[PDB]
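A single chain, nothing else alongside it, follows as structure tokens in the form deposited in one PDB entry.
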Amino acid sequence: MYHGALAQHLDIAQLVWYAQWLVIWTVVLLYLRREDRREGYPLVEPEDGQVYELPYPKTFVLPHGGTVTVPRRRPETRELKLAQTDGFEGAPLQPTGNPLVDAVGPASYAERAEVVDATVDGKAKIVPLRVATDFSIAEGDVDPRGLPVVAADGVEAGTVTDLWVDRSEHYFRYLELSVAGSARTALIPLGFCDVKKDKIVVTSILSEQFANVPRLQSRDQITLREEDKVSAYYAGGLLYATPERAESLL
């Protein structure tokens, strides 16, 4: 006789093979793929399948008050300055105006909360060093304050005046500069800055395009939606800073 042998010439490992696949597909399809649909659903083009593919809503209790429930209905009724290039359903859209100012394509921001991101103790998380006075630049690294910002056309776009630090993670996230000839201040994410000893090089936008970088409501704090608006404007320049950039690279 044999250990594991069952009737009908079945054996135990053979049964566990079918059971393991049942467990894997149940977790992948009924649990994980439904967790994948807590954002962006229902899709836009009420069918039974739109209900079957969603998980039951979950509610996050937020650390500084209030709650967030997902999935929930989030229609984007914001007017998009875009037109169809063709009647085909999968045809791309094209900007009808200035896509950086209109915030479409890679210049799009998300409708995040107009709330200042907070530290664990409830203070503004992302703030300039003129406010975060116990924070400093590490010895050995460039102090960019006073350096020129040189844009993708090689023209000086302005002068760096401060750094915005993340007080929760001990990490700089933006530079702030005065925009040359435009009587205004602007933030730029440090991921768009090539920090050199004598200049900050920015290849995402041309010098003239710094004039329309999204402006903050307040001088020493920034909201989550404003961070999205500022970051998206420079990302938009990767595709739109010149007419050539949207076209085939090769």
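Don't overthink the numbering: it's just position in the shown sequence, from 1. We call the rigid core whatever largest set of C-alpha positions still superposes within 1.5 Å between the two forms.
If you look for the form deposited in another entry, you will not find it shown, but the lines that follow are about it.
Among the candidates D121, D143, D86, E111, the CA atom that moves 2 angstroms or more between this form and the one not shown after core superposition belongs to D86 alone. With the core held fixed, the Cα of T133 is displaced between this form and the one not shown by less than 2 Å. After superposition on the rigid core, the Cα of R72 moves by 2 Å or more between this form and the one not shown.
Compared with the form shown here, the Cα atoms of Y109 and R72 move at least 3 Å closer together in the other form. Between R78 and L239, the Cα distance is smaller in the other form than in this structure, by no less than 3 angstroms.
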